[PDB]
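As numbered in the working numbering, residues 4 to 90 make up the sequence shown, in order.
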Amino acid sequence: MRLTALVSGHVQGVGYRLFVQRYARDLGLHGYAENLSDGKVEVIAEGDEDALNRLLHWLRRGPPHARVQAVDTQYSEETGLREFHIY
Ligand code: NA
Ligand code: NA
């Protein structure tokens, strides 16, 4: 399925997108991570349900110096995205 996750907290400017991309690639997932102008990070990830749960473990922690306060999740059908990009 597709996970669309919205990450709140001290998350921009701390390498969060690169962190997500590394773990998504480790977990066989495709999609993207993008900074939002309201201060959040949006993560779209497509792939197996358990891999999405493993990614969520990382999304809730973030890199060194991130302070992730919450991760809102919503699920939808995969669209066939390839690769994992940062925007
Ligand atoms: Na980054
Ligand atoms: Na961005």
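All C-beta atoms in this analysis are idealised placements derived from N, C-alpha and C, irrespective of residue type, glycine included.
Between the CA atoms of residue 75 and residue 81 - distance to the nearest angstrom: As the crow flies, the alpha-carbon of residue 81 is around 18 Å from that of residue 75.
Which listed residue (78, 63 and 47) has its alpha carbon closest to that of residue 86: 47
Ligand 1 site residues, beta-carbon cut 5 Å against heavy atoms: 18, 20 and 21
Whole-angstrom C-beta distance between residue 39 and residue 58, which should lie under 8 Å: Actually they do not touch by this definition, with Cβ atoms about 18 Å apart.
The alpha helix (DSSP H) enclosing residue 90, as first and last residue numbers: First-last for residue 90: undefined, no H or E at that position.
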